[PDB]
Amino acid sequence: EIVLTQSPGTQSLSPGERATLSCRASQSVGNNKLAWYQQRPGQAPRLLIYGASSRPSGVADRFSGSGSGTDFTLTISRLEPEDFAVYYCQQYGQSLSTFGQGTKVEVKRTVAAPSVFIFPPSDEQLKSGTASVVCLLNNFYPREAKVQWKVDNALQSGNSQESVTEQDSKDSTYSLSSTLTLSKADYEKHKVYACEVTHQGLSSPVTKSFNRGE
């Protein structure tokens, strides 16, 4: 099986900058049967390059493929706004076709610390016997961020879930939401609910908290 390595898995680049994406094969790819695809969230993949360097009609000529053997490169001469997306290489030089794990090309912008908000459970939800506590980390860059829940200063584990938006098309930031879930009965055993946030843009962690009932 030919393993295709796309490293790095993410590139942060400025609008208008040149991009070069590497795809290395664990063994020679027969007849240069190497393709590149673009994929945007919620869309099917789109063929950009086939046979290492051939470009289908309709594909912008700012995309070019090069390389042979084990060493392949996708070059984007100048990043347009729509070029920030995920790129996959694929080899089809053996009956077993394989894909690289993809490289996300995302927009580099200035560092932005998260703006943090915490939300107690609603009265409506509490009536139903469950408590969801929500923490919002809004409009931060770069994407790496961490949230920790503390309940009466006890570090929580296993009772939260989080998810992250796609990079904002307008200001190139990310947001993250984390939800802590307890039964109403367990929620009512504790006073202080806190979420603690770390990020490159913060010199020290930010904690937002509330006291249950107040």
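Start at 1 with the first residue shown and count on from there.
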{"property": "Segment of higher mean CA temperature factor, 201-209 or 17-25", "result": "201-209"}
{"property": "108-116 versus 123-131 - greater average Cα B-factor per the deposited record", "result": "123-131"}
{"property": "Residue with highest C-alpha B-factor in the PDB entry, from 49, 180, 185, 164", "result": "185"}
{"property": "Chain-relative CA temperature factor third for residue 176", "result": "lowest"}
{"property": "Position of residue 43 among the chain's modelled residues by C-alpha B-factor, lowest, middle or highest third", "result": "highest"}
{"property": "Ranked against its chain, the third holding the CA B-factor of residue 77", "result": "highest"}
{"property": "Lowest, middle or highest third - CA B-factor, residue 34", "result": "lowest"}
{"property": "Modelled-residue ranking by C-alpha temperature factor, third containing residue 66", "result": "middle"}
